[PDB]
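Peer 1: Just target_20.csv, nothing more (CSV, C-alpha atoms):
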```csv
chain,number,residue,atom,x,y,z
Z,1,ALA,CA,-4.8,-16.4,-12.5
Z,2,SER,CA,-6.0,-12.8,-12.6
Z,3,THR,CA,-5.3,-10.6,-9.6
Z,4,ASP,CA,-7.8,-10.8,-6.7
Z,5,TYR,CA,-6.3,-8.6,-4.0
Z,6,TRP,CA,-6.1,-4.8,-3.5
Z,7,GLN,CA,-3.5,-3.4,-1.1
Z,8,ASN,CA,-4.1,0.2,0.0
Z,9,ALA,CA,-2.5,1.1,3.3
Z,10,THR,CA,-1.3,4.6,4.5
Z,11,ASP,CA,-0.2,5.8,7.8
Z,12,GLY,CA,-2.4,8.8,7.1
Z,13,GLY,CA,0.3,11.4,6.6
Z,14,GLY,CA,-0.3,13.9,3.8
Z,15,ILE,CA,-2.1,12.9,0.7
Z,16,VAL,CA,-2.3,9.3,-0.8
Z,17,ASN,CA,-4.9,9.1,-3.6
Z,18,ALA,CA,-5.1,5.5,-4.7
Z,19,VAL,CA,-7.5,4.3,-7.5
Z,20,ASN,CA,-8.6,0.6,-7.7
Z,21,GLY,CA,-8.8,0.5,-11.5
Z,22,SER,CA,-10.0,-2.1,-13.9
Z,23,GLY,CA,-8.8,-5.7,-13.4
Z,24,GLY,CA,-5.1,-5.6,-12.4
Z,25,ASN,CA,-4.7,-1.8,-13.0
Z,26,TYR,CA,-4.2,0.8,-10.4
Z,27,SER,CA,-2.9,4.3,-10.0
Z,28,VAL,CA,-1.6,6.5,-7.2
Z,29,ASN,CA,-1.1,10.2,-6.9
Z,30,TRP,CA,0.7,11.3,-3.7
Z,31,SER,CA,2.0,14.3,-1.8
Z,32,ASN,CA,3.8,15.1,1.5
Z,33,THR,CA,3.3,11.6,2.9
Z,34,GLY,CA,4.8,9.5,5.5
Z,35,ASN,CA,4.7,5.8,4.5
Z,36,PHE,CA,2.2,4.0,2.3
Z,37,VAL,CA,2.0,0.8,0.3
Z,38,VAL,CA,-0.5,0.4,-2.6
Z,39,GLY,CA,-0.7,-2.4,-5.1
Z,40,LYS,CA,-2.6,-5.2,-6.8
Z,41,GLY,CA,-1.9,-8.9,-6.7
Z,42,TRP,CA,-3.0,-12.1,-5.0
Z,43,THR,CA,-4.6,-12.9,-1.6
Z,44,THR,CA,-2.4,-16.0,-1.2
Z,45,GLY,CA,1.1,-15.6,-2.5
Z,46,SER,CA,3.1,-18.4,-4.0
Z,47,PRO,CA,6.9,-19.1,-4.3
Z,48,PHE,CA,6.2,-20.4,-7.8
Z,49,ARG,CA,4.2,-17.4,-9.2
Z,50,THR,CA,5.3,-15.7,-12.4
Z,51,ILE,CA,4.3,-12.0,-12.1
Z,52,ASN,CA,3.7,-9.8,-15.1
Z,53,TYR,CA,3.4,-6.1,-14.9
Z,54,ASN,CA,3.5,-2.9,-17.0
Z,55,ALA,CA,4.2,0.3,-15.2
Z,56,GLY,CA,2.6,2.8,-17.7
Z,57,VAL,CA,3.6,5.6,-15.3
Z,58,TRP,CA,6.5,5.5,-12.9
Z,59,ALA,CA,7.0,9.1,-11.7
Z,60,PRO,CA,8.2,9.4,-8.1
Z,61,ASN,CA,9.3,12.9,-7.0
Z,62,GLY,CA,11.6,11.8,-4.2
Z,63,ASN,CA,11.6,8.5,-2.4
Z,64,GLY,CA,9.4,5.7,-3.7
Z,65,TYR,CA,9.8,2.0,-4.7
Z,66,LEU,CA,8.3,0.0,-7.6
Z,67,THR,CA,8.4,-3.5,-6.1
Z,68,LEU,CA,7.0,-6.9,-5.6
Z,69,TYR,CA,5.8,-6.8,-2.0
Z,70,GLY,CA,4.4,-9.6,0.2
Z,71,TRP,CA,4.2,-11.5,3.5
Z,72,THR,CA,4.5,-14.9,5.0
Z,73,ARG,CA,3.7,-16.1,8.5
Z,74,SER,CA,5.4,-19.1,10.2
Z,75,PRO,CA,7.7,-17.3,10.3
Z,76,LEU,CA,6.6,-13.6,9.9
Z,77,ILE,CA,8.6,-12.2,7.0
Z,78,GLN,CA,8.0,-9.2,4.7
Z,79,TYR,CA,9.7,-9.4,1.3
Z,80,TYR,CA,10.6,-7.3,-1.7
Z,81,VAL,CA,11.7,-7.6,-5.3
Z,82,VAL,CA,12.6,-3.9,-6.1
Z,83,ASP,CA,12.7,-3.2,-9.9
Z,84,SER,CA,12.8,0.7,-9.7
Z,85,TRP,CA,12.9,3.5,-7.3
Z,86,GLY,CA,13.1,7.3,-7.1
Z,87,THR,CA,15.8,9.4,-5.5
Z,88,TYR,CA,16.9,6.6,-3.0
Z,89,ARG,CA,17.9,3.0,-3.7
Z,90,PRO,CA,17.1,0.8,-0.7
Z,91,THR,CA,19.9,-1.4,0.8
Z,92,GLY,CA,20.6,-3.7,3.8
Z,93,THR,CA,22.9,-6.5,4.9
Z,94,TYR,CA,24.5,-7.7,1.6
Z,95,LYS,CA,24.2,-11.5,1.0
Z,96,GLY,CA,25.0,-11.9,-2.7
Z,97,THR,CA,23.4,-11.4,-6.1
Z,98,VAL,CA,20.9,-13.2,-8.3
Z,99,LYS,CA,20.2,-12.8,-12.0
Z,100,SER,CA,16.6,-12.9,-13.1
Z,101,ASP,CA,14.5,-11.5,-16.0
Z,102,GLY,CA,17.4,-9.7,-17.6
Z,103,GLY,CA,18.6,-8.0,-14.4
Z,104,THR,CA,21.1,-8.5,-11.6
Z,105,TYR,CA,19.7,-8.0,-8.1
Z,106,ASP,CA,21.5,-7.5,-4.8
Z,107,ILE,CA,20.2,-9.7,-2.0
Z,108,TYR,CA,19.7,-8.1,1.4
Z,109,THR,CA,18.3,-8.8,4.8
Z,110,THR,CA,17.0,-6.2,7.2
Z,111,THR,CA,15.0,-6.3,10.4
Z,112,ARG,CA,12.2,-4.1,11.8
Z,113,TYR,CA,11.4,-3.5,15.5
Z,114,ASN,CA,8.4,-1.9,17.1
Z,115,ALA,CA,6.9,-1.9,13.6
Z,116,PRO,CA,3.5,-2.4,12.0
Z,117,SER,CA,2.9,-5.8,10.4
Z,118,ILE,CA,0.1,-7.7,8.7
Z,119,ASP,CA,-1.2,-9.0,12.1
Z,120,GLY,CA,-2.2,-5.4,12.9
Z,121,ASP,CA,0.2,-5.4,15.9
Z,122,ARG,CA,3.5,-3.6,16.5
Z,123,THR,CA,6.2,-6.2,16.5
Z,124,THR,CA,9.5,-7.4,15.1
Z,125,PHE,CA,10.0,-9.2,11.8
Z,126,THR,CA,12.8,-9.9,9.2
Z,127,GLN,CA,12.7,-8.5,5.7
Z,128,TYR,CA,14.1,-10.3,2.6
Z,129,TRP,CA,15.1,-8.2,-0.4
Z,130,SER,CA,16.2,-8.5,-4.0
Z,131,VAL,CA,17.0,-5.0,-5.3
Z,132,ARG,CA,17.9,-4.5,-8.9
Z,133,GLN,CA,21.4,-3.0,-9.3
Z,134,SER,CA,20.2,-0.4,-11.7
Z,135,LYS,CA,16.6,0.8,-12.5
Z,136,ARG,CA,14.5,-1.5,-14.7
Z,137,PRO,CA,13.0,0.4,-17.7
Z,138,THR,CA,9.3,0.9,-17.4
Z,139,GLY,CA,6.4,1.2,-19.9
Z,140,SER,CA,6.7,-2.2,-21.5
Z,141,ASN,CA,5.6,-5.6,-20.2
Z,142,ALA,CA,7.9,-6.9,-17.5
Z,143,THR,CA,8.2,-10.3,-15.8
Z,144,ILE,CA,9.3,-11.2,-12.3
Z,145,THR,CA,10.1,-14.9,-12.2
Z,146,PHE,CA,9.8,-15.1,-8.4
Z,147,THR,CA,11.1,-18.6,-8.1
Z,148,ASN,CA,14.5,-17.4,-9.0
Z,149,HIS,CA,14.5,-15.0,-6.0
Z,150,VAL,CA,13.1,-17.6,-3.6
Z,151,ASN,CA,15.8,-20.1,-4.6
Z,152,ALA,CA,18.6,-17.6,-4.3
Z,153,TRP,CA,17.3,-16.5,-0.9
Z,154,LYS,CA,17.2,-20.1,0.2
Z,155,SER,CA,20.9,-20.4,-0.7
Z,156,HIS,CA,21.6,-17.6,1.7
Z,157,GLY,CA,19.6,-19.0,4.6
Z,158,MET,CA,16.6,-16.7,3.9
Z,159,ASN,CA,13.7,-19.2,4.2
Z,160,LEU,CA,10.1,-18.0,3.8
Z,161,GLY,CA,7.3,-19.0,6.0
Z,162,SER,CA,4.8,-21.8,5.3
Z,163,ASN,CA,1.7,-19.6,5.5
Z,164,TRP,CA,1.5,-17.3,2.5
Z,165,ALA,CA,-0.3,-14.0,2.8
Z,166,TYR,CA,-0.8,-11.4,0.1
Z,167,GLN,CA,1.6,-10.8,-2.8
Z,168,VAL,CA,1.3,-7.6,-4.8
Z,169,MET,CA,3.2,-5.4,-7.3
Z,170,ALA,CA,3.4,-2.3,-5.3
Z,171,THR,CA,4.2,1.4,-5.2
Z,172,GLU,CA,5.7,2.2,-1.8
Z,173,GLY,CA,6.4,5.8,-0.8
Z,174,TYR,CA,8.3,7.6,2.0
Z,175,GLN,CA,7.9,11.3,2.7
Z,176,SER,CA,7.6,12.2,-1.0
Z,177,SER,CA,5.3,13.2,-3.9
Z,178,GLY,CA,4.7,11.4,-7.2
Z,179,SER,CA,2.5,9.5,-9.6
Z,180,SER,CA,2.3,5.8,-10.7
Z,181,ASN,CA,0.1,3.7,-12.9
Z,182,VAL,CA,0.7,0.0,-12.9
Z,183,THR,CA,-1.0,-3.0,-14.5
Z,184,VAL,CA,-0.5,-6.5,-12.9
Z,185,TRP,CA,-1.4,-10.0,-14.1
```
When written as structure tokens, how does the structure in this file appear?
Peer 2:
Amino acid sequence: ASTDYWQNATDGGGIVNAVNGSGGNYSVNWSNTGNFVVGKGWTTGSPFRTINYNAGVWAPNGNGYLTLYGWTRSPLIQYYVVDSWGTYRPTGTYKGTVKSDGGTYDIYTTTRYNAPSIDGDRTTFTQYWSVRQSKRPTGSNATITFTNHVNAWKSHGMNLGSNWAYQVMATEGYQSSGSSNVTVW
């Protein structure tokens, strides 16, 4: 059940220094970026997975997300379970709330157009989100019971695709600086 996948993608703006550490550990130091997504997890996501992580350092200076991050195909959907962030809390079209792992999360949809996706092509895809209503404490072991999110999403007509691609616990940044260190299993 150990992680088997390393996500390290940057648009190339500014500095994004990602280290593929031991096992499920990684760290990122970044400055004057653009957009990047770095994380560890699994090549083939599951709706049934129980994700454990410990963010030993969560230190964005500006806009960054600490989030479950993954894709499906059939249909093409990028999804989030956002536990913490920096200066900016992400939002979208409000659907409702879900309680999971000691937190209340807002459920959102968004859409991207003319946008990079896993297929390597610029296209259009829907995004599903759970975003915690307040920041989750970091530095101790934390669980994301993903089934709870999948089920709440289903109740709001947000159905994931049949073809599961990667599924990681990520640091995502936007035009910011910061540091993170996260362990995933």
Peer 1: Have a look at atom CA of residue Z:147 and atom CA of residue Z:131 and let me know their distance in Å, one decimal.
Peer 2: 15.1 Å
Peer 1: Would you compute the distance between atom CA of residue Z:127 and atom CA of residue Z:139? Give it in Å to one decimal.
Peer 2: 28.1 Å
Peer 1: Find the distance between atom CA of residue Z:162 and atom CA of residue Z:74 and write it in Å to one decimal.
Peer 2: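 Separating atom CA of residue Z:162 from atom CA of residue Z:74 is a distance of 5.6 Å.
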Peer 1: Need the shell around residue Z:165: protein/DNA/RNA residues with any atom at most 9 Å away, counting all atoms listed in the file. Skip same-chain ones fewer than 5 positions apart. Format as a VMD selection string?
Peer 2: chain Z and resid 42 to 46 70 to 73 118
Peer 1: Compile the contact shell of residue Z:63 as a ChimeraX atom specification: residues with an atom at most 10 Å away, counting all atoms listed in the file, same-chain residues fewer than 3 positions apart removed.
Peer 2: /Z:60,85-90,172-178
Peer 1: Select all residues near (-5.9, 10.8, 5.1) (cut-off 12 Å, inclusive, file coordinates), counting all atoms listed in the file, and output them as a list in words.
Peer 2: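 These residues have at least one counted atom within 12 Å: residues 8, 9, 10, 11, 12, 13, 14, 15, 16, 17, 18, 30, 31, 32, 33, 34, 35 and 36 of chain Z.
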Peer 1: Kindly indicate which residue among Z:179, Z:184, Z:102, Z:123 lies nearest to residue Z:167, using all atoms listed in the file for the distances.
Peer 2: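 Going through Z:179, Z:184, Z:102, Z:123 one by one, the smallest distance to residue Z:167 is for Z:184.
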Peer 1: Stretch 20-137 of chain Z near stretch 152-157 of chain Z within 10 Å: what's each residue's closest atom pair and its distance in Å to one decimal, counting all atoms listed in the file, ordered by chain then ascending residue number, as a tab-separated table?
Peer 2:
```
residue	atom	partner	partner_atom	distance
Z:95	CA	Z:156	CA	6.7
Z:96	CA	Z:156	CA	8.0
Z:97	CA	Z:152	CA	8.0
Z:98	CA	Z:152	CA	6.4
Z:99	CA	Z:152	CA	9.2
Z:107	CA	Z:153	CA	7.5
Z:108	CA	Z:153	CA	9.0
Z:109	CA	Z:153	CA	9.6
Z:128	CA	Z:153	CA	7.8
Z:129	CA	Z:153	CA	8.6
Z:130	CA	Z:153	CA	8.6
```
